[PDB]
>>> print(open('final31.txt').read())   # compact mmCIF, C-alpha atoms (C1' of nucleotides) and all ligand atoms
# COMPACT_ATOMS: atom_id res chain seq x y z
CA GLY A 4 119.18 94.56 85.95
CA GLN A 5 121.73 93.75 84.67
CA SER A 6 125.29 92.81 83.58
CA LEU A 7 126.46 96.10 82.02
CA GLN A 8 123.78 98.53 83.19
CA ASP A 9 123.79 97.79 86.94
CA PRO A 10 127.57 97.88 87.47
CA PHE A 11 127.66 101.11 85.42
CA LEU A 12 125.00 102.80 87.56
CA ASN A 13 126.60 101.44 90.74
CA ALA A 14 130.03 102.73 89.73
CA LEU A 15 128.47 106.11 88.97
CA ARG A 16 126.58 106.10 92.28
CA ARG A 17 129.49 105.14 94.55
CA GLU A 18 131.91 107.78 93.26
CA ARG A 19 129.14 110.43 93.23
CA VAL A 20 130.08 111.08 89.60
CA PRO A 21 127.96 113.94 88.22
CA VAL A 22 125.82 112.64 85.35
CA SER A 23 123.74 114.09 82.55
CA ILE A 24 120.61 112.04 81.98
CA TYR A 25 119.03 112.63 78.56
CA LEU A 26 115.33 111.88 78.18
CA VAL A 27 113.75 110.81 74.89
CA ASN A 28 112.09 114.22 74.59
CA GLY A 29 115.46 115.96 74.63
CA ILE A 30 115.45 117.36 78.19
CA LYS A 31 118.72 117.06 80.12
CA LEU A 32 118.75 116.43 83.86
CA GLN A 33 121.85 116.82 86.03
CA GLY A 34 122.70 115.48 89.46
CA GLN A 35 124.06 112.35 91.08
CA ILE A 36 122.69 108.81 91.16
CA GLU A 37 121.40 108.28 94.69
CA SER A 38 119.69 104.96 94.05
CA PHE A 39 118.29 102.85 91.23
CA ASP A 40 116.15 99.75 90.78
CA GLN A 41 115.00 97.90 87.66
CA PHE A 42 112.78 100.68 86.30
CA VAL A 43 113.67 103.98 87.99
CA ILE A 44 116.70 106.07 88.92
CA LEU A 45 116.78 108.44 91.89
CA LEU A 46 118.47 111.58 90.59
CA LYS A 47 119.69 114.03 93.25
CA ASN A 48 120.64 117.66 92.69
CA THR A 49 118.80 120.31 94.71
CA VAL A 50 115.70 118.14 94.92
CA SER A 51 115.68 114.36 94.64
CA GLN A 52 113.44 113.31 91.74
CA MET A 53 112.55 109.86 90.42
CA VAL A 54 113.31 109.27 86.74
CA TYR A 55 111.74 106.45 84.72
CA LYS A 56 114.24 104.53 82.60
CA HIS A 57 111.81 104.12 79.70
CA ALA A 58 111.89 107.89 79.27
CA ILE A 59 115.69 108.03 79.37
CA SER A 60 117.69 108.08 76.14
CA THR A 61 121.25 108.34 77.50
CA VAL A 62 123.24 108.55 80.76
CA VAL A 63 126.38 110.67 80.21
CA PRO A 64 128.91 110.53 83.07
CA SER A 65 130.47 114.00 83.21
CA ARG A 66 134.03 113.18 84.25
CA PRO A 67 135.64 110.05 82.80
CA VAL A 68 133.71 107.33 84.68
CA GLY B 4 115.04 84.65 69.66
CA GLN B 5 117.59 87.34 70.44
CA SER B 6 120.13 85.89 68.06
CA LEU B 7 120.74 88.70 65.58
CA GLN B 8 121.29 91.61 67.94
CA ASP B 9 124.16 89.96 69.87
CA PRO B 10 126.40 88.68 67.00
CA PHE B 11 125.88 92.07 65.32
CA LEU B 12 126.84 94.18 68.36
CA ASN B 13 129.76 91.87 69.24
CA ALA B 14 130.96 91.98 65.63
CA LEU B 15 130.91 95.79 65.80
CA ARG B 16 132.62 95.72 69.22
CA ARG B 17 135.40 93.38 68.04
CA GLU B 18 136.16 95.23 64.80
CA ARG B 19 136.09 98.55 66.69
CA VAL B 20 134.04 99.96 63.81
CA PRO B 21 132.75 103.54 64.22
CA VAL B 22 128.95 103.38 64.30
CA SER B 23 126.14 105.91 64.12
CA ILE B 24 123.36 105.29 66.63
CA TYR B 25 120.14 107.05 65.67
CA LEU B 26 117.64 107.73 68.43
CA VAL B 27 113.85 107.86 68.03
CA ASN B 28 114.04 111.66 68.28
CA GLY B 29 116.47 111.86 65.37
CA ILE B 30 119.68 112.40 67.36
CA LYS B 31 122.84 110.86 65.87
CA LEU B 32 125.45 109.41 68.22
CA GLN B 33 128.75 108.45 66.60
CA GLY B 34 131.34 106.36 68.43
CA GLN B 35 132.53 102.89 69.44
CA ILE B 36 130.68 100.02 71.13
CA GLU B 37 132.47 99.21 74.40
CA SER B 38 130.05 96.61 75.73
CA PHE B 39 126.34 95.83 75.88
CA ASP B 40 123.66 93.68 77.47
CA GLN B 41 119.93 93.06 77.17
CA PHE B 42 118.84 96.70 77.41
CA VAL B 43 121.84 99.03 77.12
CA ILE B 44 124.69 99.77 74.73
CA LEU B 45 127.90 101.27 76.07
CA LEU B 46 129.14 103.87 73.58
CA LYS B 47 132.72 105.17 73.45
CA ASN B 48 133.86 108.57 72.16
CA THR B 49 135.55 111.10 74.43
CA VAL B 50 133.45 109.66 77.23
CA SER B 51 131.76 106.28 77.70
CA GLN B 52 128.01 106.97 77.73
CA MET B 53 125.27 104.41 78.39
CA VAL B 54 122.49 104.31 75.79
CA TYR B 55 119.14 102.64 76.40
CA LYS B 56 118.14 100.38 73.51
CA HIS B 57 114.48 101.40 73.75
CA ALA B 58 115.46 104.92 72.68
CA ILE B 59 117.34 103.62 69.64
CA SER B 60 115.82 103.37 66.16
CA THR B 61 118.76 102.26 64.00
CA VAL B 62 122.43 101.35 64.48
CA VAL B 63 124.38 102.14 61.30
CA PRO B 64 128.01 101.01 60.81
CA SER B 65 130.33 103.15 58.67
CA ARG B 66 131.98 99.91 57.57
CA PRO B 67 130.69 96.54 56.42
CA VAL B 68 130.63 93.80 59.13
CA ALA C 2 119.08 97.35 92.28
CA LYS C 3 116.36 94.71 92.70
CA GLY C 4 113.02 94.83 90.88
CA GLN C 5 110.76 97.53 92.33
CA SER C 6 112.70 98.02 95.58
CA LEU C 7 112.95 101.79 95.10
CA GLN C 8 109.87 102.97 93.19
CA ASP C 9 107.27 101.60 95.63
CA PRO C 10 108.90 102.94 98.82
CA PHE C 11 109.40 106.29 97.07
CA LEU C 12 105.80 106.64 95.90
CA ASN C 13 104.44 105.33 99.21
CA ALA C 14 106.57 107.90 101.04
CA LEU C 15 105.26 110.62 98.72
CA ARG C 16 101.65 109.60 99.32
CA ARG C 17 101.61 108.75 103.03
CA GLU C 18 102.82 112.29 103.72
CA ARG C 19 100.51 113.66 100.98
CA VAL C 20 103.43 115.65 99.63
CA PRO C 21 102.55 117.79 96.60
CA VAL C 22 104.28 116.43 93.50
CA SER C 23 104.95 117.48 89.93
CA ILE C 24 104.74 114.63 87.43
CA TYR C 25 106.45 115.44 84.14
CA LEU C 26 105.22 113.35 81.21
CA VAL C 27 107.29 112.25 78.21
CA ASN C 28 105.57 114.94 76.13
CA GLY C 29 106.51 117.81 78.43
CA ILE C 30 103.15 118.17 80.17
CA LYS C 31 103.55 118.90 83.89
CA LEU C 32 100.92 117.45 86.22
CA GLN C 33 100.82 119.10 89.64
CA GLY C 34 98.89 117.15 92.27
CA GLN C 35 98.97 114.66 95.13
CA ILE C 36 99.54 110.92 94.78
CA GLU C 37 96.34 109.34 96.10
CA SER C 38 97.39 105.77 95.26
CA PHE C 39 99.54 103.78 92.80
CA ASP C 40 99.98 100.27 91.41
CA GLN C 41 102.27 98.42 89.00
CA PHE C 42 101.49 100.51 85.91
CA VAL C 43 99.45 103.54 87.01
CA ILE C 44 99.39 106.39 89.53
CA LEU C 45 96.15 107.99 90.71
CA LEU C 46 96.85 111.72 90.87
CA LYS C 47 94.48 113.85 92.94
CA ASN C 48 94.33 117.64 92.65
CA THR C 49 90.95 119.00 91.57
CA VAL C 50 89.85 115.67 90.10
CA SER C 51 91.33 112.19 90.58
CA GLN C 52 92.96 111.39 87.23
CA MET C 53 94.66 108.08 86.47
CA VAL C 54 98.14 108.49 84.96
CA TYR C 55 99.96 105.69 83.12
CA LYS C 56 103.58 105.29 84.22
CA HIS C 57 104.84 104.56 80.70
CA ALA C 58 103.85 108.12 79.82
CA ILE C 59 105.72 109.42 82.87
CA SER C 60 109.28 110.75 82.65
CA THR C 61 109.86 112.11 86.16
CA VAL C 62 108.19 112.37 89.56
CA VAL C 63 109.46 115.48 91.36
CA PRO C 64 108.50 116.25 94.98
CA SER C 65 108.05 119.91 95.90
CA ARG C 66 109.22 119.87 99.52
CA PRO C 67 111.70 117.05 100.44
CA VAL C 68 110.96 113.37 101.10
CA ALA D 2 96.14 84.59 65.02
CA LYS D 3 97.70 84.29 68.48
CA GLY D 4 101.37 84.60 69.45
CA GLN D 5 104.27 85.71 67.24
CA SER D 6 102.82 83.86 64.25
CA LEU D 7 101.97 86.25 61.35
CA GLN D 8 105.06 88.44 61.89
CA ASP D 9 107.66 85.69 61.37
CA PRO D 10 106.21 84.23 58.14
CA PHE D 11 105.64 87.75 56.78
CA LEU D 12 109.26 88.71 57.36
CA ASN D 13 110.36 85.26 56.16
CA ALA D 14 108.48 85.64 52.89
CA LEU D 15 110.00 89.10 52.58
CA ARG D 16 113.48 87.61 53.18
CA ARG D 17 113.38 84.41 51.09
CA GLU D 18 112.07 86.25 48.03
CA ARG D 19 114.46 89.17 48.62
CA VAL D 20 111.50 91.55 48.31
CA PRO D 21 112.37 95.26 48.69
CA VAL D 22 110.52 97.01 51.52
CA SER D 23 109.96 100.49 52.88
CA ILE D 24 110.12 100.60 56.67
CA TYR D 25 108.27 103.51 58.26
CA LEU D 26 109.50 104.36 61.76
CA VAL D 27 107.32 105.90 64.48
CA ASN D 28 109.00 109.27 63.92
CA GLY D 29 108.37 109.38 60.18
CA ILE D 30 111.68 108.30 58.67
CA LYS D 31 111.28 106.07 55.61
CA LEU D 32 113.93 103.34 55.22
CA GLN D 33 113.88 101.42 51.93
CA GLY D 34 116.01 98.29 51.61
CA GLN D 35 116.10 94.51 51.83
CA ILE D 36 115.55 92.21 54.80
CA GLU D 37 118.61 89.99 55.26
CA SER D 38 117.77 88.62 58.70
CA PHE D 39 115.44 89.23 61.64
CA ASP D 40 114.70 88.05 65.16
CA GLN D 41 112.30 88.89 67.99
CA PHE D 42 113.49 92.47 68.47
CA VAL D 43 115.62 93.62 65.53
CA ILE D 44 115.62 93.59 61.72
CA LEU D 45 118.66 93.64 59.48
CA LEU D 46 118.07 96.07 56.62
CA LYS D 47 120.51 95.13 53.82
CA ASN D 48 120.69 98.01 51.29
CA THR D 49 124.14 99.66 50.97
CA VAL D 50 125.42 98.65 54.41
CA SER D 51 123.42 96.20 56.54
CA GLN D 52 121.96 98.49 59.21
CA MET D 53 120.18 97.21 62.31
CA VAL D 54 116.64 98.49 62.89
CA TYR D 55 114.89 98.14 66.25
CA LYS D 56 111.25 97.05 65.91
CA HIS D 57 110.09 99.28 68.78
CA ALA D 58 110.86 102.23 66.52
CA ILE D 59 109.13 100.65 63.52
CA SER D 60 105.57 101.77 62.80
CA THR D 61 105.02 99.71 59.64
CA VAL D 62 106.68 97.55 56.97
CA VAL D 63 105.36 98.06 53.43
CA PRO D 64 106.28 95.61 50.62
CA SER D 65 107.06 96.96 47.14
CA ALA E 2 99.24 99.04 95.89
CA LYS E 3 100.68 96.36 93.61
CA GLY E 4 99.66 94.58 90.40
CA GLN E 5 96.55 96.13 88.87
CA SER E 6 94.86 96.66 92.23
CA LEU E 7 94.07 100.27 91.18
CA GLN E 8 93.65 100.63 87.38
CA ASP E 9 91.05 97.84 87.20
CA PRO E 10 88.77 99.02 90.01
CA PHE E 11 89.16 102.51 88.54
CA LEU E 12 88.20 101.60 84.97
CA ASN E 13 85.48 99.31 86.31
CA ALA E 14 84.10 102.15 88.41
CA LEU E 15 84.14 104.27 85.25
CA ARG E 16 82.36 101.50 83.34
CA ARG E 17 79.56 100.40 85.69
CA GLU E 18 78.46 103.93 86.54
CA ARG E 19 79.13 104.70 82.87
CA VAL E 20 80.64 108.08 83.69
CA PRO E 21 81.87 110.05 80.67
CA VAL E 22 85.64 109.93 80.52
CA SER E 23 88.45 111.84 78.89
CA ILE E 24 91.45 109.94 77.58
CA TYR E 25 94.54 112.01 76.74
CA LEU E 26 97.01 110.29 74.42
CA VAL E 27 100.78 110.69 74.68
CA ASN E 28 100.70 112.75 71.48
CA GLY E 29 98.29 115.32 72.89
CA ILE E 30 95.07 114.06 71.32
CA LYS E 31 92.01 114.13 73.59
CA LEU E 32 89.44 111.33 73.41
CA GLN E 33 86.15 112.01 75.15
CA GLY E 34 83.83 109.05 75.31
CA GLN E 35 82.72 106.25 77.60
CA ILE E 36 84.36 103.08 78.89
CA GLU E 37 82.39 100.17 77.47
CA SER E 38 84.97 97.47 78.19
CA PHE E 39 88.69 96.89 78.69
CA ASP E 40 91.29 94.15 79.07
CA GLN E 41 95.03 94.22 79.87
CA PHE E 42 96.17 96.31 76.89
CA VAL E 43 93.11 97.99 75.37
CA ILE E 44 90.11 100.10 76.35
CA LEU E 45 86.84 100.27 74.48
CA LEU E 46 85.82 103.92 74.10
CA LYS E 47 82.17 104.02 73.05
CA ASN E 48 80.66 107.07 71.35
CA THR E 49 79.11 107.23 67.90
CA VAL E 50 81.58 104.45 67.17
CA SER E 51 83.23 102.05 69.60
CA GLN E 52 86.95 102.65 69.11
CA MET E 53 89.64 100.44 70.62
CA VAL E 54 92.33 102.53 72.34
CA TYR E 55 95.71 100.98 73.12
CA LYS E 56 96.87 101.62 76.68
CA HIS E 57 100.48 102.17 75.60
CA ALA E 58 99.32 105.31 73.79
CA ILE E 59 97.38 106.62 76.78
CA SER E 60 98.86 109.16 79.20
CA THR E 61 96.02 110.17 81.52
CA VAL E 62 92.43 109.02 82.04
CA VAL E 63 90.35 111.80 83.57
CA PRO E 64 86.72 111.39 84.73
CA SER E 65 84.56 114.09 83.13
CA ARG E 66 81.85 113.79 84.27
CA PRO E 67 84.04 113.46 87.44
CA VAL E 68 82.80 112.73 90.97
CA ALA F 2 88.23 92.06 82.14
CA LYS F 3 91.74 90.60 82.05
CA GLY F 4 93.99 89.08 79.39
CA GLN F 5 93.15 89.56 75.70
CA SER F 6 89.46 88.79 76.29
CA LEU F 7 88.60 92.00 74.46
CA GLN F 8 91.34 92.74 71.93
CA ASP F 9 91.25 89.37 70.13
CA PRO F 10 87.46 89.09 69.68
CA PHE F 11 87.39 92.69 68.47
CA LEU F 12 90.03 92.30 65.76
CA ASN F 13 88.66 88.86 64.86
CA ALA F 14 85.17 90.31 64.45
CA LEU F 15 86.56 93.15 62.34
CA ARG F 16 88.34 90.51 60.22
CA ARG F 17 85.50 87.97 59.81
CA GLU F 18 83.22 90.73 58.55
CA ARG F 19 85.87 92.47 56.42
CA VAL F 20 84.95 95.80 58.01
CA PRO F 21 87.01 98.78 56.75
CA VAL F 22 88.98 100.34 59.60
CA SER F 23 90.95 103.49 60.31
CA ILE F 24 94.11 102.80 62.30
CA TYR F 25 95.62 105.91 63.87
CA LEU F 26 99.30 105.87 64.83
CA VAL F 27 100.85 107.61 67.86
CA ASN F 28 102.31 110.27 65.57
CA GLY F 29 98.95 111.15 64.05
CA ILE F 30 99.23 109.41 60.64
CA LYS F 31 95.95 107.73 59.68
CA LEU F 32 96.19 104.36 57.94
CA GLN F 33 93.06 102.74 56.51
CA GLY F 34 92.11 99.36 55.13
CA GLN F 35 91.02 95.89 56.14
CA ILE F 36 92.29 93.46 58.77
CA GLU F 37 93.59 90.53 56.73
CA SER F 38 95.01 88.95 59.87
CA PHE F 39 96.72 89.82 63.13
CA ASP F 40 98.70 88.30 65.95
CA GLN F 41 100.01 89.42 69.36
CA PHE F 42 102.29 92.25 68.17
CA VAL F 43 101.30 93.10 64.59
CA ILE F 44 98.21 93.59 62.41
CA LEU F 45 98.21 92.82 58.69
CA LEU F 46 96.35 95.65 56.98
CA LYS F 47 95.27 95.28 53.35
CA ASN F 48 94.44 98.15 50.93
CA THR F 49 96.34 98.95 47.71
CA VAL F 50 99.23 97.04 49.22
CA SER F 51 99.14 94.78 52.27
CA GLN F 52 101.33 96.05 55.10
CA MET F 53 102.43 94.95 58.56
CA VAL F 54 101.52 97.39 61.33
CA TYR F 55 103.17 97.15 64.74
CA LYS F 56 100.67 97.50 67.58
CA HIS F 57 103.14 99.52 69.68
CA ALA F 58 102.76 102.30 67.10
CA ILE F 59 98.96 102.15 67.16
CA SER F 60 96.89 104.53 69.30
CA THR F 61 93.35 103.64 68.23
CA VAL F 62 91.55 101.26 65.89
CA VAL F 63 88.38 102.98 64.68
CA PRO F 64 85.78 100.97 62.72
CA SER F 65 83.52 102.55 60.09
CA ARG F 66 80.38 100.91 61.47
CA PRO F 67 79.60 98.75 64.52
CA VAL F 68 81.77 95.78 65.65
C1' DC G 1 147.87 91.54 110.24
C1' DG G 2 143.76 88.94 110.62
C1' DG G 3 138.42 88.47 111.00
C1' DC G 4 133.98 91.40 110.59
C1' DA G 5 130.34 93.19 108.04
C1' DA G 6 128.28 95.92 103.83
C1' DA G 7 127.54 95.29 99.63
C1' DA G 8 127.50 93.26 94.73
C1' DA G 9 127.17 90.10 91.56
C1' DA G 10 126.92 85.56 90.29
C1' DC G 11 124.01 81.04 90.98
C1' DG G 12 119.82 78.70 91.09
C1' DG G 13 114.64 77.53 91.84
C1' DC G 14 109.98 79.10 91.09
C1' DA G 15 106.05 79.93 88.62
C1' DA G 16 103.66 82.72 85.12
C1' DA G 17 103.50 83.18 80.50
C1' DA G 18 104.83 81.95 75.71
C1' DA G 19 105.19 78.24 72.15
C1' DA G 20 103.75 74.13 69.98
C1' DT H 1 96.20 71.67 76.20
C1' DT H 2 101.14 70.13 76.78
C1' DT H 3 105.46 71.57 77.00
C1' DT H 4 109.03 74.85 77.15
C1' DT H 5 111.13 78.98 77.90
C1' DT H 6 112.02 83.17 80.47
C1' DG H 7 111.70 86.76 83.23
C1' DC H 8 111.08 86.99 88.33
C1' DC H 9 113.13 86.43 93.60
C1' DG H 10 115.45 84.51 97.00
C1' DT H 11 119.97 82.51 98.30
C1' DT H 12 124.92 81.94 98.41
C1' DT H 13 129.42 82.99 97.75
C1' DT H 14 132.97 86.73 96.93
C1' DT H 15 134.41 90.94 97.30
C1' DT H 16 135.41 95.26 99.68
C1' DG H 17 136.07 98.32 102.99
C1' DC H 18 136.27 98.86 108.69
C1' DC H 19 136.99 97.30 112.60
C1' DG H 20 138.90 95.01 115.58
ZN ZN A 101 114.91 99.37 79.36
ZN ZN A 102 113.92 96.97 72.08
ZN ZN A 103 101.32 99.66 80.51
ZN ZN A 104 108.11 102.20 83.19
ZN ZN A 105 106.94 95.23 69.57
ZN ZN A 106 100.39 96.83 73.73
>>> encode(input="final31.txt", output="structure tokens")
Amino acid sequence: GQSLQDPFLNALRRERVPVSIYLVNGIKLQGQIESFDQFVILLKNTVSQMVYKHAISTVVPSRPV
Amino acid sequence: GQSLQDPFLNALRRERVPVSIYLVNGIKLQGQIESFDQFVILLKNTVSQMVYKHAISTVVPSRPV
Amino acid sequence: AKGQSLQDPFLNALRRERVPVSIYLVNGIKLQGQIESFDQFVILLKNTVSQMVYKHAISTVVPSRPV
Amino acid sequence: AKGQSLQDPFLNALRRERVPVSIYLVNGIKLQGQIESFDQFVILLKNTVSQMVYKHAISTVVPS
Amino acid sequence: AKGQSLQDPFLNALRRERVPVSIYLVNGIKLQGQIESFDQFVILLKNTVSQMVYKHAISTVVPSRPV
Amino acid sequence: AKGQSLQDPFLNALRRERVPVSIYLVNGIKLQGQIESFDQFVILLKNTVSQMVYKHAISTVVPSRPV
DNA sequence: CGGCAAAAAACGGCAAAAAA
DNA sequence: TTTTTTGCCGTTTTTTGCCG
């Protein structure tokens, strides 16, 4: 979890808000949160890839929340 | 103990002090601290972005306290 | 949103169908191959030779034809 | 030793005696300053404005 | 599957048969050598010197000699 | 093996015998010195000035001569 | 307008691992 | 070792949207 992360990701997932995930290496990924558990986030754009949280630096929701 | 990270972040949150969050890759993220939990800091500039703590090196206030 | 409820079904789905995957590491290195098996911290990637890949060095796991 | 033992007294001795330190991060950035407080995960740096340093970014802590 | 059900039998298999291995770090450095021993966090890479490699710095462990 | 069977006896042996070691970090910088002491997360390394080295920044601990 | 069911998020018990 | 803490999972209770 939890507390501030999970409701944030859930709110972003429900409203299909486009997001810009920034990895620690600098690479930006775009798409929508399809699912997420404690360690990974299922990012969906034209393919549906699994992204490890430990590699993620920031999750930037493209439209105000 | 986790007892120096909380009172710090809450102090910053309460005083609405503009901070500079450095990432491990050298990126500087200026803005306000909306809320936080064990592993994420919510950071508020033109958009509320979620920042993973594990990607953060230093959190530098522009003010004291 | 529960611990490990998504990663395991995802990887198991990728392996059981032997779907070709591209595993991007945190350093940029792309590892093309097929998930042969996985556990809590590692993923055994099989292409030419079965190499063990640590998950903490993994950024993304991208399937090449949908799962 | 075994279990969170050497780290705490090292930082404590650095804090009590107000000893100036240079903190080398995993990227290469050198942060000189003074240790005001510390806990399991973070370290106050004092210097000009108390700045919070995450240990997971810290490579080493060298006394002066 | 789960836990270390895979990374332990793998490293063990690399250690009993004493196959030469190739340990890529997350920084790009390649470490050829041979698994002498390992525990939860470290791996003993024997060569001219036995060096202790931390798992959190390891990205891929490839069997050369493979098979 | 499991646990810290192998990482504690190694560092302890390197400390008892005051063996000079080269500690490589994940960024490539090569520290050198002598294990004064160590615990779960850090290693106290003593050379011209004693310093505290976080294990999470360490890739390998390479002795000069055997264990 | 009132139950019905999906889902979240808070509560609590369990048991491995840290601390003493 | 003993004792304690804490992250780990399973449950309940509340919400919310659909359906009756
Ligand atoms: Zn995290
Ligand atoms: Zn941290
Ligand atoms: Zn690991
Ligand atoms: Zn991970
Ligand atoms: Zn640490
Ligand atoms: Zn470690």
>>> residues_near_ligand(input="final31.txt", ligand="ligand ZN 105 (chain A)", cutoff="8 Å", atoms="all atoms listed in the file", output="count of residues only")
8
>>> calpha_fit_and_write(input="final31.txt", fixed="chain F", moving="chain E", output="mmCIF file with C-alpha atoms, keeping the file's coordinate frame")
data_model
loop_
_atom_site.group_PDB
_atom_site.id
_atom_site.type_symbol
_atom_site.label_atom_id
_atom_site.label_comp_id
_atom_site.auth_asym_id
_atom_site.auth_seq_id
_atom_site.Cartn_x
_atom_site.Cartn_y
_atom_site.Cartn_z
ATOM 1 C CA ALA E 2 88.545 91.492 81.554
ATOM 2 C CA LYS E 3 92.098 90.149 81.709
ATOM 3 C CA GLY E 4 94.732 88.925 79.243
ATOM 4 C CA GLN E 5 93.668 89.530 75.648
ATOM 5 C CA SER E 6 90.046 88.593 76.302
ATOM 6 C CA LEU E 7 88.966 91.794 74.472
ATOM 7 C CA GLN E 8 91.480 92.855 71.771
ATOM 8 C CA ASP E 9 91.424 89.428 70.088
ATOM 9 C CA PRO E 10 87.652 88.987 69.844
ATOM 10 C CA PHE E 11 87.541 92.615 68.694
ATOM 11 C CA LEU E 12 90.123 92.280 65.916
ATOM 12 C CA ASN E 13 88.652 88.902 64.987
ATOM 13 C CA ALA E 14 85.200 90.453 64.744
ATOM 14 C CA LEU E 15 86.748 93.115 62.510
ATOM 15 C CA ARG E 16 88.413 90.416 60.405
ATOM 16 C CA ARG E 17 85.651 87.841 59.841
ATOM 17 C CA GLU E 18 83.008 90.409 58.942
ATOM 18 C CA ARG E 19 85.814 92.210 57.101
ATOM 19 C CA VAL E 20 84.587 95.615 58.234
ATOM 20 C CA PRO E 21 86.699 98.549 57.032
ATOM 21 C CA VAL E 22 88.788 99.869 59.885
ATOM 22 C CA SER E 23 90.679 103.007 60.767
ATOM 23 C CA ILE E 24 93.978 102.714 62.600
ATOM 24 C CA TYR E 25 95.350 105.914 64.155
ATOM 25 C CA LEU E 26 99.069 105.824 64.931
ATOM 26 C CA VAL E 27 100.636 107.515 67.952
ATOM 27 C CA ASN E 28 102.177 110.089 65.609
ATOM 28 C CA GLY E 29 98.831 111.178 64.189
ATOM 29 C CA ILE E 30 98.887 109.225 60.933
ATOM 30 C CA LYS E 31 95.577 107.625 59.932
ATOM 31 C CA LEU E 32 95.540 104.200 58.274
ATOM 32 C CA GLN E 33 92.265 103.188 56.673
ATOM 33 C CA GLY E 34 92.164 99.632 55.442
ATOM 34 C CA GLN E 35 91.005 96.167 56.425
ATOM 35 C CA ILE E 36 92.159 93.620 58.990
ATOM 36 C CA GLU E 37 93.412 90.609 57.059
ATOM 37 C CA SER E 38 95.286 88.965 59.931
ATOM 38 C CA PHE E 39 97.046 89.700 63.216
ATOM 39 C CA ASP E 40 99.203 88.107 65.903
ATOM 40 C CA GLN E 41 100.481 89.364 69.283
ATOM 41 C CA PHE E 42 102.467 92.363 68.016
ATOM 42 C CA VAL E 43 101.369 93.101 64.446
ATOM 43 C CA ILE E 44 98.234 93.660 62.379
ATOM 44 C CA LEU E 45 97.909 93.044 58.673
ATOM 45 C CA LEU E 46 96.188 96.039 57.067
ATOM 46 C CA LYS E 47 95.076 95.027 53.578
ATOM 47 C CA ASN E 48 94.348 97.611 50.882
ATOM 48 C CA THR E 49 96.102 97.992 47.549
ATOM 49 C CA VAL E 50 99.049 96.576 49.464
ATOM 50 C CA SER E 51 99.032 94.457 52.610
ATOM 51 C CA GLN E 52 101.059 96.485 55.103
ATOM 52 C CA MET E 53 102.192 95.137 58.464
ATOM 53 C CA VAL E 54 101.413 97.606 61.268
ATOM 54 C CA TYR E 55 103.182 97.278 64.614
ATOM 55 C CA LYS E 56 100.820 97.446 67.584
ATOM 56 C CA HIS E 57 103.258 99.527 69.640
ATOM 57 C CA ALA E 58 102.756 102.347 67.134
ATOM 58 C CA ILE E 59 98.967 102.107 67.244
ATOM 59 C CA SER E 60 96.857 104.369 69.463
ATOM 60 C CA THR E 61 93.239 103.684 68.513
ATOM 61 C CA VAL E 62 91.479 101.202 66.228
ATOM 62 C CA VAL E 63 88.125 102.574 65.103
ATOM 63 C CA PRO E 64 85.559 100.592 63.059
ATOM 64 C CA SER E 65 84.566 102.598 59.976
ATOM 65 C CA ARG E 66 82.440 101.060 58.616
ATOM 66 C CA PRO E 67 81.295 100.828 62.302
ATOM 67 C CA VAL E 68 78.287 98.885 63.610
#
>>> residues_around(input="final31.txt", residues="residue 15 (chain H)", least_positions_apart="5", cutoff="12 Å", atoms="all atoms listed in the file", output="list in words")
residues 5, 6, 7, 8, 9 and 10 of chain G
>>> write_last_selection(input="final31.txt", atoms="C-alpha atoms (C1' of nucleotides)", output="PDB file, in the coordinates of the input")
ATOM      1  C1'  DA G   5     130.340  93.190 108.040  1.00  0.00           C
ATOM      2  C1'  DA G   6     128.280  95.920 103.830  1.00  0.00           C
ATOM      3  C1'  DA G   7     127.540  95.290  99.630  1.00  0.00           C
ATOM      4  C1'  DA G   8     127.500  93.260  94.730  1.00  0.00           C
ATOM      5  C1'  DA G   9     127.170  90.100  91.560  1.00  0.00           C
ATOM      6  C1'  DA G  10     126.920  85.560  90.290  1.00  0.00           C
TER       7       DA G  10
END
>>> residues_near_ligand(input="final31.txt", ligand="ligand ZN 102 (chain A)", cutoff="9 Å", atoms="all atoms listed in the file", output="ChimeraX atom specification")
/B:41-42,55-60 /D:42-43,55-58
>>> atom_distance(input="final31.txt", atom1="CA of residue 7 (chain E)", atom2="CA of residue 46 (chain C)")
11.8 Å
>>> residues_around(input="final31.txt", residues="region 14-27 of chain D", least_positions_apart="4", cutoff="6 Å", atoms="only C-alpha atoms (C1' of nucleotides)", output="ChimeraX atom specification")
/D:10,31-36,58-65
>>> residues_near_point(input="final31.txt", point="(84.5, 116.4, 90.1)", cutoff="6 Å", atoms="only C-alpha atoms (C1' of nucleotides)", output="list in words")
residues 50 of chain C; 67 and 68 of chain E
>>> closest_residue(input="final31.txt", among="C:14, C:51, C:33, C:4", to="ligand ZN 104 (chain A)", atoms="only C-alpha atoms and all ligand atoms")
C:4
>>> closest_residue(input="final31.txt", among="F:15, F:20, F:44, F:28", to="residue 30 (chain D)", atoms="only C-alpha atoms")
F:28
